[PDB]
Structure formats: C-alpha cells, structure tokens
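Next come structure tokens for two forms of one protein chain, structure 1 first, structure 2 second.
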Structure 1
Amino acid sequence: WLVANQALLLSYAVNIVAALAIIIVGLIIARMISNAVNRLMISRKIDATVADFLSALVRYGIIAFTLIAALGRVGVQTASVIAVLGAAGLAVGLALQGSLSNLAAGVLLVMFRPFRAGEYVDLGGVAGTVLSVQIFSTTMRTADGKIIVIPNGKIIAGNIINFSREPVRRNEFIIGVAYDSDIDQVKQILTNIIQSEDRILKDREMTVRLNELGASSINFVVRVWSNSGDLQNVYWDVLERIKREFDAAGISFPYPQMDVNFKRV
C-alpha cells in the first residue's frame, strides 16, 4: 500500500521533476543555440538550404540528445538507442572519410610546401602551373590552357614532381645517324654545336657519346644542362642547328632501312 512510510516515492517525484526539467531546458537551450548559430552564420556566409539543414541537424541532434537523456533519467534503459545512434555516427564518419582526408592533406600542403602558387609541377601524370591551394583541392592551369582541380588527398598519396624547384635542368637528345657515318666526325660536330651555345652550362657535364647500335641507325646521345627557363629554347635552337650542320657536312639521317632477298625471279 502507498501509505507513504518511505522516501522512494520522494525519489520518484524528484526523478519525474528532473526529467521535466531536462526536457524544458533541452528545449530552451536548443532554441538559444539554434538562434546563436543562426546569428553567427548569416553575418559570415550562408548558402540557403545548406545553412537550413545545418541549423536543422544541430537542432534535431540536441533535441534527440536531451530526449533520450530525459528517458534515461526516468528509468527507461536507452542503450539500444545509443547503439543505433553510435552506428549511425560511425556510418557518417565512414562517409566523410574522403572529405576529411582531403582536408588533412590540404593542411599538410600548406604547412609543408612542396609547391606554391605559380610553380610548374606534375601531380600524378598531370602537369601545369599551380594557381591556388585550397582546403579541399588545388587548381592548376596546364600548358594547354585548361584548369584542372585535383583533390589534396590524391596529391599527397602520390608522387609530386616539381619542375620549377631546381634552377638547372638537363636536355637529352637521341640523334640517329647512319652506320656508314664516321664516329669522330659526328662527335666533333656535335661537340662544336654544344660548345658554341652560350646558354648551355659549361661547368656541368657535356656528354656526346655513342649510346645505342639500333636497328637502322646508330643513336648518339647528347646531354646538356641549362637553366630551367632556357630549357625548351635551347632544345629547339640546338636541334635546328644539329639538322643544319648535319645536312651541311654530309651526315645522313637514315630512313627505316630493310634488306630484301629477291626470290622466285
């Protein structure tokens, strides 16, 4: 009988009063925090539907938190709701793995700087000048003139070749001449063409060596070092001069040779 010779009914009364207190302060704290986030988002920047589900999801989250806290305050065991809610949080955490990976990689590309804005690089077989580095992705304009947006988590997970870091780079040529050409003559013509060029650095190597005895031609290699801004112009100028002086000196560039053994008359 409930003749009240006990204090457990007092404990039950303070439990239901505490549950109603949790409900009403959860409602008003949800309202005030939604108002504060709504005030601090409009002043800074908003998208309409994005800020809508932002404030809505924060409000539903804090309402669900205070509702199951009030259910647990009464005496209802709420561990299944916490299990489903933790599984849903882990699902959202697996969903946002690539985005947060791009964000962490974007932080690392700002702290450590392998490349900066205006530096010709290569990011996994994609070459071009870096325009800007942002939090999720970098934009880079190629030599063709097209803009490529690459996420940061793929930038760091691969090699990042930087062309504009070292001021001195190397050209390489494969000059195929005929088998009947003199080795010393072709070598001294190529040496004169290399040493008569002022933008080829003389303190580095100036290799002119027979590299390969190919199918229809002996291939010479010539490797010269220039500044990184003069590289393509040195390539074009010395290639044109190689062609002009080999045509002037009688050295022939062979076609795809073939021997034919004639039969059946």
Structure 2
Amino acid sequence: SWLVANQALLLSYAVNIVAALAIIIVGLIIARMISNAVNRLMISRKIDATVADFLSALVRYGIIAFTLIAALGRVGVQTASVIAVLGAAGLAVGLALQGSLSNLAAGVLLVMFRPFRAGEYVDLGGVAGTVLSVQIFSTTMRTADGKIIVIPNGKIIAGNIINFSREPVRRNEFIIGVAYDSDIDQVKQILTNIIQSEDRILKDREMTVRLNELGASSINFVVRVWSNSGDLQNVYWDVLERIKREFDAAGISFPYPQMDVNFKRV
C-alpha cells in the first residue's frame, strides 16, 4: 500500500513526464514554424534547389535534435555523452570551414581598407593586371594578355601587394653594351644629348649616365630616368630606337659575344 502513501512521489514523476511530452510537442510545432519561416526569409537571395533547400532541411534536423536532447535530459537520462559527441562533430566541421572563413575575413578587411582600388593596375604575387571588381570570397582581375584570373582573398592578403597606379611617377632603366676600344667620353656625351632631347622626361628629377660594371665580353652602361606612368612604356621604345640610330651614326659598334683562342696544331 506504498502507492497511496507515495502519491506525492507519483505527482513528481508524472509532472516531469507530461512536461517532457509537452516539450517534445511544442518543439515539434516550433520546428515546423521555424522551417517555414526560414524559407520565407531565404527566398529573397538567389536560391539553388540542390543546396539552398538542403540547408533549410539541415536547420529542421538541428532544431529537432536540440529539442530531443533536452527532452531526454528532462526524462532523467544523462545526456552528457550525446553532448560530447555533438561537440566533437561541431568542432570538426568548424575546422573544415576555417579555410573558407579565412577568405571571407580577409575580403572584409581588404574592402574596408582598400589597399588597391578597382580599375587599377596592380600585381598580387606575380600576376600583373587590372582589377575589375572585388567580391566576398574572391577577387577578379584581368591580365594584359586578356586572360581572366580569379584569386582568393585570403591568399593575396598574406602576400605582398604592389600598386603601380597609386604612384603618379615612376622610374625607368636602360642597360647598354659597347666595345672596350670605344671611348668612354664620346658615348657618355651622345647618351646625354639623347636623353636631353626628349621632352617626356622630368629634368628636375635625377638623371644617371654612368659606367655601372665591366662585363667580360663588353662594358655596360646604365641609364636611369623618371617619367609619368602613362607615357613610360612609349618613352622606353622611342629612346631605344633613337639610341640604335645614333650609335651607328656616331661610329660606335655594338658587341657580339667575344672569344679569344690560343691556337696550336698537333
């Protein structure tokens, strides 16, 4: 006759049981509700059936799983084990997604800081080109050849960034080879006359015409000038052509590879 005497014990367990069932059913209707709601809000963005609908299904499963674990705890069964396995799974998936998340974070930083603007000619680790646009997970640029390149944001931020366009003026360099016999002063004079004649070069800024080094086959002269970024490339070509003409007119000779032979007959 312990039953009549333990009515209170029965009350305690019965309220817990009905509360657990109530939790199950309320969580079920809550899950239905949340599932329809998430779709209602998800349709706004572009939506792919094979993936986007799938992820809403994932959410449904996650909610019912949480409510179920909670219910099992309500019943009075230790859920620490299921919590542990769940946490291991979550950690693993987070590790897997770390890579993509890094690209996302980089992209955000690059967007707010703006190291390079759109439409600028830059290089991002050996790939010169003009940027077209920036995106969340990736960057898009066009090469000189015309090929399109896509590069992940996370990869570029780590590497060095070079922005030719940001600087208005840039410097040029020429190297020239001539024979040993030829006079130094004559060549220097000619080169000075040439560079002086040009107009797209900045007089105020430095100009260098000296003998940098002595090659084995021939001596080498170095020339340095400064010009606007836009006209740089044209300047190079024009100067080079003028040099070729002027040297042949002057009498200087360009050097071929040089060989000296000691020559005996056996």
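By rigid core we mean the largest C-alpha set that fits within 1.5 Å across both forms. Start at 1 and count along the sequence of structure 1; that gives the residue numbers used here.
- With the core held fixed, the Cα of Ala7 is displaced between structures 1 and 2 by 2 Å or more.
- Once the two forms are overlaid on the core, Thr66 shows a Cα shift of 0.6 Å between structures 1 and 2.
- The two forms, fitted on their core, place the C-alpha of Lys45 2.1 Å apart, compared between structures 1 and 2.
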